[PDB]
């Protein structure tokens, strides 16, 4: 049997340091010395291994990358200095003016604007559609279609998308790449390549680093395509070069990934169920609910049902502000996936950049509240919510 995920977030891609450091050292160096001119020109030509310069590759960054590639069961991984840089380095390597991209319409807010406003201006065409309806991706393909893109569960309604059926329709013509943002599951919950996906991206900012102190992105997929994302999309187009220091912080955060993912998913099931029972609460979205739309597809794709919860209060937006301003243990902030529980209001904060219409066409409402459950004691978490929620009743 393959190393388990639990063992592998600590031991996959073992490094060999010359002094036998238990924890591989930090390669904070912009540049690497050649033994001679012929070796440097050989590396430059892609004909000899070894390092050259940190925008092109770095040993600490490669350690993280081979550990992520193993956990995602992909041939290679390229690390970048933010989830947006991973998204952008991948699609601006693959696309040129005249190509076509299809995307799910419920996306993180900044992915939506990269697709809607920048790819648009570089002559690329995009469709935003609900990729969860059976058949919509095939109805929107054209000869020139190159990428189909989605996030599941989606940020932030937690909509579920049947990846395998999206793939089957996208690969029904040649030359189409399916890209899935797996930030909200992490590689402990889902491996998108299992279902036909070609490329898997992450905001490592969230669960993978898990400690709210690093911004970073990851690209996982085949070696030859990622070699072109490295030499074109990283080298030249985005310049999104992860600091070797932050890469070594994310390997450190990775090694408790499996224990954090289980504990956050167990705490989140308790909290979502508590919330769903409270009288001030109207509606709770959580992929583990049997009444969730796409539950059954979520169960086939997800090993655990995650730590994201989204819910709506019967007091709407003003109720939301009150709950939120009065919480004491839960933290008001954007981002998600850390050890501590965070909460925010997506229409005034993360999805504010997307025009209301476009929000609501996707299902983003003005009363939604988005919660990312940490590893605090579940009863204290429920109790912070009880006190905030009782105050609205």
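Positions refer to the first chain, counted from 1.
Enquirer: On average, are the C-alpha B-factors higher in 327-335 or in 37-45?
Expert: Looking at the record's C-alpha B-factors, the answer is 37-45.
Enquirer: According to the deposited model, is the average Cα temperature factor higher in 213-221 or in 313-321?
Expert: The recorded data point to 313-321.
Enquirer: What's the residue among 252, 260, 202, 140 with the greatest CA temperature factor in the PDB record?
Expert: Top of the list by C-alpha B-factor: 140.
Enquirer: At the C-alpha atoms, which of 244, 156, 306, 85 reaches the highest B-factor in this entry?
Expert: That would be 156, according to the entry.
Enquirer: Is the Cα B-factor recorded for residue 387 in the lowest, middle or highest third of its chain?
Expert: Highest third, going by the recorded CA B-factors of the chain.
Enquirer: Please place residue 60 in the lowest, middle or highest third of its chain according to the CA B-factor in the PDB entry.
Expert: Lowest third of the chain for residue 60's C-alpha B-factor.
Enquirer: Name the third of the chain's ranked CA B-factors that contains residue 8, choosing lowest, middle or highest.
Expert: For residue 8, whose C-alpha B-factor we compare with every modelled residue in the chain, the answer is the lowest third.
Enquirer: Could you place residue 289 in the lowest, middle or highest third of its chain by Cα temperature factor, using the values in the record?
Expert: Top third by C-alpha B-factor.
Enquirer: Report the third (lowest, middle or highest) to which the CA temperature factor of residue 148 belongs, ranking only the modelled residues of the same chain.
Expert: As the PDB entry reports it, the C-alpha B-factor of residue 148 lands in the middle third of its chain.
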